[PDB]
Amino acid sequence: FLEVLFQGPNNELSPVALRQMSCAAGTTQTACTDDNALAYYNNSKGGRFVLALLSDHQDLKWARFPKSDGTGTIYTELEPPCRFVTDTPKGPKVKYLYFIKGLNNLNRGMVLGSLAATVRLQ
C-alpha cells in the first residue's frame, strides 16, 4: 500500500496513504468491461481523486469509476503509457503506468517517487 506525504499549510508535511482500487479500463469508454488495471488515488474535496493506472495492458485509453454515491459513473481519460518492469511470481512483467490526462506536474512526480522503490525489488 503506497504513500505520499501531504503538505498541511504553515508548511507542515504529513504522510498520506496513496490508495489503490481496481478498475475497468479500455480503449473505449465502451470497451471498459472487466477490471484490467489498478487505480491510485486520494480523496480530495470531491471524494476520490485518482491519479494513475497501473496495468498489464498498454492498450488502455479510458477508465471507468462508478460514482462514490452509487449515483452514476465517471469516465476519466488516460495519458500515454509508461512501461517499466518489476519482479512478479510466475515471471517478471511489463506493467504500464497511465497518468490521467492533465495530471499535475507535482502530482505527476508524487506518484513516480512514491512507487519508485516498489518497482525496484529484486
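Numbers follow the displayed sequence, beginning with 1.
**Student:** Determine, for stretches 61-69 and 39-47, which one has the higher mean CA B-factor as deposited.
**Tutor:** Of 39-47 and 61-69, the stretch with the higher C-alpha B-factor average is 39-47.
**Student:** When the Cα temperature factors in the entry are averaged, is it 23-31 or 87-95 that ends up higher?
**Tutor:** Between 23-31 and 87-95, it is 87-95 that shows the higher mean C-alpha B-factor.
**Student:** Have a look at 9, 15, 113, 102 and flag the one whose Cα has the highest B-factor in the entry.
**Tutor:** Among 9, 15, 113, 102, the PDB entry lists the largest C-alpha B-factor for 9.
**Student:** Could you place residue 4 in the lowest, middle or highest third of its chain by Cα temperature factor, using the values in the record?
**Tutor:** According to the entry, residue 4 has a C-alpha B-factor in the chain's middle third.
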